[PDB]
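Accompanying notes for the structure given below.
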Amino acid sequence: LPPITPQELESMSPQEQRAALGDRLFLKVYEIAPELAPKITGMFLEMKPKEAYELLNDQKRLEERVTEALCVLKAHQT
Amino acid sequence: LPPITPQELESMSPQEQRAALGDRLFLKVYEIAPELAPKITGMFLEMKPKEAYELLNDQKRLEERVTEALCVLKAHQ
Amino acid sequence: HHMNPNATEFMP
Amino acid sequence: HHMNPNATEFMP
């Protein structure tokens, strides 16, 4: 999956943005947390599409956000 | 410490809010994690004041957030 | 704004 | 969403 350009993203509907961002976020999350990638991707997609798009272009910040999501999920079990 | 009312909180400066919310968050976090309470309270105080205030009146979600912060600190190792 | 553990899962 | 392990400690 080639990256989405900012021009493309603003030319898409809200639901098209979600599918394109979700697909590309899922692949990156799957490399870190393959089993929980669907749920963590769903958690990311609640953010504004500009913030979700930033994660695709900042691997350090994506990895931090995956850790944050796992910790939210771990705390939810308690 | 006595609790803050929402009317008081909205009438305080940002630094007045942080000190009032911090002192109260610290006491509650200290009962759960007395050693890491300064660090965890500092992590909490990066929230918006309305979000941090909601933790003071929701003990169950406060405990969840302490667990979350401990998890983040552990992953930082 | 805090991430939601009840969020709906995403399937590609 | 904020849970920053580098945050400054709060001392009362």
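Protein chains in written order, with the deposited numbering: chain A, 482 to 559; chain C, 482 to 558; chain B, 138 to 149; chain D, 138 to 149. Backbone N, C-alpha and C define an ideal beta-carbon position, used for all residues, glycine too.
Residue i vs residue j beta-carbon contact at 8 Å
i	j	result
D504 of chain C	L537 of chain C	no
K520 of chain C	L543 of chain C	no
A518 of chain A	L551 of chain A	no
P530 of chain A	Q558 of chain A	no
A144 of chain B	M528 of chain A	no
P149 of chain B	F507 of chain A	yes
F147 of chain D	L526 of chain C	yes
Amino acids of chain B, ordered along the chain, whose beta-carbon sits closer than 7 Å to that of residue i
i	result
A550 of chain A	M140
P519 of chain A	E146, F147 and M148
Segment limits, alpha helix (DSSP H) that includes residue i
i	result
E489 of chain C	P487 to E491
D504 of chain C	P495 to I513
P530 of chain A	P530 to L537
Interface residues of chain A facing residue i [CB-CB closer than 8 Å]
i	result
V553 of chain C	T548, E549 and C552
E545 of chain C	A556, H557 and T559
Contact set between residue i and chain C, taken where Cβ atoms lie within less than 8 Å
i	result
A501 of chain A	Within chain C, no residue comes near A501 of chain A; the closest Cβ sits about 29 Å away, beyond 8 Å.
Contacts of residue i in chain B (Cβ-Cβ under 9 Å)
i	result
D504 of chain A	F147 and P149
Quick one, which residues of the region 520-535 of chain A are near chain B if we go by CB-CB under 7 Å, in chain order? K520, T522, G523, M524, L526 and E527
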